[PDB]
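One structure below.
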There are 2 protein chains.
Amino acid sequence: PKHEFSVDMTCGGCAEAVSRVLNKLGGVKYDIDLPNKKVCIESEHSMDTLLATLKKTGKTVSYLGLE
Amino acid sequence: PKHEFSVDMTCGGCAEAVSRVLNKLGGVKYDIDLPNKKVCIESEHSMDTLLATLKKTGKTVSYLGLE
């Protein structure tokens, strides 16, 4: 399952912080698109776990959809 | 007690994220100095708790000690 999220990243640092919390979670393959403020995650982790993980950054996150 | 932390924030978005995680924790009085990458926190929360809360952002965090 490839989950797509909007994440309000406004600099390179914001992008790297997203990658670090995702790394900490583990069991993920992801790509972070800074200019489009979009994070795509391939994972067996539920949408709720991914959402909660991303929201720990303190950034504004919303779910865009799936696959 | 009055604690000081270094937090590797590079833009205003990074400062907001720190603000959001500290607000979510509660029981804190803080000020964020973006250009100096420093966050001062007065709290009854342990150093451990404050450290862990800051490290949630996925930003690089270190401890600058008691004021």
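Each chain of the structure tokens is named A, B, ... in the order shown, its residues numbered from 1; ligands are numbered from 1 in display order.
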### Message
What are the residues of chain B lining chain A at 6 Å or less? Count only C-alpha atoms, and put the answer as a PyMOL selection string.
### Response
chain B and resi 13+17+20-21+56-59
What would the file look like if the residues just selected were written as an mmCIF file, in the first residue's frame with N, CA, C and O atoms?
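Everything below was put into again_0.cif:
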```cif
data_model
loop_
_atom_site.group_PDB
_atom_site.id
_atom_site.type_symbol
_atom_site.label_atom_id
_atom_site.label_comp_id
_atom_site.auth_asym_id
_atom_site.auth_seq_id
_atom_site.Cartn_x
_atom_site.Cartn_y
_atom_site.Cartn_z
ATOM 1 N N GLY B 13 9.097 27.685 9.620
ATOM 2 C CA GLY B 13 8.346 26.416 9.713
ATOM 3 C C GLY B 13 8.890 25.443 10.763
ATOM 4 O O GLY B 13 8.111 24.745 11.426
ATOM 5 N N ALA B 17 7.015 24.125 14.306
ATOM 6 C CA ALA B 17 6.931 22.710 14.653
ATOM 7 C C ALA B 17 7.350 22.461 16.109
ATOM 8 O O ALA B 17 6.689 21.714 16.839
ATOM 9 N N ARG B 20 4.614 23.754 18.230
ATOM 10 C CA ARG B 20 3.472 22.835 18.263
ATOM 11 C C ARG B 20 3.687 21.643 19.198
ATOM 12 O O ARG B 20 2.766 21.255 19.920
ATOM 13 N N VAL B 21 4.884 21.054 19.183
ATOM 14 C CA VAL B 21 5.153 19.899 20.067
ATOM 15 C C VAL B 21 5.222 20.290 21.554
ATOM 16 O O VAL B 21 4.746 19.547 22.418
ATOM 17 N N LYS B 56 11.168 14.543 19.160
ATOM 18 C CA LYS B 56 10.005 14.064 18.410
ATOM 19 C C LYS B 56 9.887 14.720 17.042
ATOM 20 O O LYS B 56 9.414 14.097 16.092
ATOM 21 N N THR B 57 10.294 15.983 16.965
ATOM 22 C CA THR B 57 10.250 16.760 15.731
ATOM 23 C C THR B 57 11.056 16.081 14.624
ATOM 24 O O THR B 57 10.832 16.347 13.439
ATOM 25 N N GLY B 58 11.996 15.220 15.022
ATOM 26 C CA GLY B 58 12.960 14.613 14.105
ATOM 27 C C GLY B 58 14.133 15.531 13.762
ATOM 28 O O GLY B 58 14.919 15.229 12.863
ATOM 29 N N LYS B 59 14.231 16.654 14.476
ATOM 30 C CA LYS B 59 15.357 17.578 14.360
ATOM 31 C C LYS B 59 16.473 17.176 15.329
ATOM 32 O O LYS B 59 16.225 16.480 16.324
#
```
Handout entry: Which of chain B fall in alpha helix (DSSP H), as a list in words
Key = residues 12, 13, 14, 15, 16, 17, 18, 19, 20, 21, 22, 23, 24, 25, 47, 48, 49, 50, 51, 52, 53, 54 and 55 of chain B
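For residue 38 (chain A), the list of residues within 6 Å, based on only C-alpha atoms and with local chain neighbours fewer than 4 positions off taken out, reads residues 5, 6, 7 and 33 of chain A.
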Could those selected residues go to a file with C-alpha atoms, as a PDB file, in the first residue's frame?
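For reference, again_6.pdb as written:
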```pdb
ATOM      1  CA  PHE A   5       0.300  12.641   2.583  1.00  0.00           C
ATOM      2  CA  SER A   6       0.386  16.413   2.438  1.00  0.00           C
ATOM      3  CA  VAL A   7       3.031  17.725   4.849  1.00  0.00           C
ATOM      4  CA  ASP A  33       8.810  16.008  -2.432  1.00  0.00           C
TER       5      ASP A  33
END
```
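Of the listed residues (A:63, A:52, A:4, A:27), A:4 comes nearest to residue 39 (chain A); the distances count only C-alpha atoms.
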